[PDB]
Amino acid sequence: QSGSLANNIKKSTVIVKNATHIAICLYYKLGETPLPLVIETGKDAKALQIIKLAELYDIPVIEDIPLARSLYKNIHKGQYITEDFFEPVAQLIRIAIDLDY
């Protein structure tokens with residue numbers, strides 16, 4: 001099982017956080033995920049680790065406390081986002097995508 005957290009963060013699209021208390025890792029890939037997916041979540045110690053791994057792998061991290069708290073409560077690890085989050089998450093994905101040039 002070792003390495004699953006780091007591999008999930010490495011392939012992530014964007015992380016939205018509340019300080020070092022909550023981190024939500026979102027993944028969206030055209031043709032694979034039909035909606036953005038919460039691939040990992042962390043509270044406290046695990047949130048800090050997600051944030052450190054995000055730095056290591058150059059994954060964009062955005063602080064948005066109300067959004068991070070709502071996502072944490074509503075969208076469990078391995079679940080697709082629901083309608084209330086479609087537009088807030090789209091805005092994060094747009095800021096986050098690498099255009100690769």
Side-chain angles (χ1 to χ4, degrees):
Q1 293 178 359
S2 301
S4 56
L5 174 59
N7 288 329
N8 281 340
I9 305 313
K10 181 169 182 202
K11 72 171 195 180
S12 280
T13 309
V14 60
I15 291 154
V16 63
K17 72 167 181 179
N18 163 193
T20 55
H21 179 57
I22 294 297
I24 306 295
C25 182
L26 289 156
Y27 177 64
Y28 186 63
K29 179 171 172 172
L30 258 270
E32 181 192 344
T33 56
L35 284 168
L37 182 58
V38 172
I39 195 173
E40 287 289 0
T41 66
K43 190 180 283 193
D44 302 334
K46 190 179 183 196
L48 183 57
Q49 188 173 13
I50 290 173
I51 295 153
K52 284 177 181 171
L53 291 164
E55 303 166 15
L56 179 60
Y57 297 129
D58 302 306
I59 308 301
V61 177
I62 299 168
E63 185 171 82
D64 185 326
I65 294 166
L67 181 59
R69 282 204 192 111
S70 192
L71 283 167
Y72 190 82
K73 176 159 292 184
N74 289 286
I75 312 297
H76 301 168
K77 173 170 168 181
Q79 290 179 2
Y80 293 113
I81 64 166
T82 56
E83 58 173 277
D84 292 346
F85 301 102
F86 287 169
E87 189 55 58
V89 170
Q91 300 165 22
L92 297 171
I93 292 167
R94 284 191 188 283
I95 287 155
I97 57 218
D98 201 327
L99 301 188
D100 285 355
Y101 75 89

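For the single chain, residues carry numbers from 1 onward in sequence order.
Here the CG-OG1 distance, from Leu37 to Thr13, works out to 9.5 Å after rounding to the nearest 0.5 Å. Rounded to the nearest 0.5 angstrom, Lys46 NZ and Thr20 OG1 are separated by 15.0 Å. Annotation: the span from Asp84 atom CG to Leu71 atom CG amounts to 10.5 Å, rounded to 0.5 Å. Note: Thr33 OG1 to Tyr28 OH = 5.5 Å, rounded to the nearest 0.5 Å.
For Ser70, the side-chain hydrogen bond (donor to acceptor under 3.5 Å, both in side chains) criterion is met by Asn74, not counting sequence neighbours. Not a single side-chain hydrogen bond (donor to acceptor under 3.5 Å, both in side chains) links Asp64 to another residue, sequence neighbours left out. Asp44 pairs by the side-chain hydrogen bond (donor to acceptor under 3.5 Å, both in side chains) definition with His21, not counting sequence neighbours.
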Item to complete: Using the side chain to side chain contact (heavy atoms under 4.5 Å, CB included) rule, take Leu26 and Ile81 through it: C-alpha gap first, then chi angles, then the decisive distance, then the call.
Response: CA-CA 9 Å; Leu26 289 156; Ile81 64 166; 3.9 Å; yes
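Taking hydrophobic clusters as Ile, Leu, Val, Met, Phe, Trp and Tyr residues chained together by side-chain heavy-atom distances below 4.5 Å, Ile24 does not share a cluster with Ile51. Residues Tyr72 and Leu35 share a single hydrophobic cluster, defined by chaining ILVMFWY side chains whose heavy atoms lie under 4.5 Å apart.
Looking at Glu40, its side chain never comes within 3.5 Å of a backbone N or O of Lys77 through a donor-acceptor pair.
Chaining together hydrophobic side chains whose heavy atoms lie under 4.5 Å apart places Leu5 alongside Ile9, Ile15, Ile50, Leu53, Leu56, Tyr57, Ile59, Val61.
Across all non-hydrogen atoms, the minimal contact from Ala47 to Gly42 is CB-O, 3.5 Å.
Sorted pairs that involve residues 9-21 and meet salt bridge (charged side-chain N to carboxylate O under 4.0 Å, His left out), not counting sequence neighbours, are lacking altogether.
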Only pairs under 3.5 Å count here: list side-chain donor-acceptor contacts from residues 85-101, not counting sequence neighbours, and write none if there are none.
residue	atom	partner	partner atom	Å
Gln91	NE2	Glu87	O	3.4
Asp98	OD1	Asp100	N	2.9

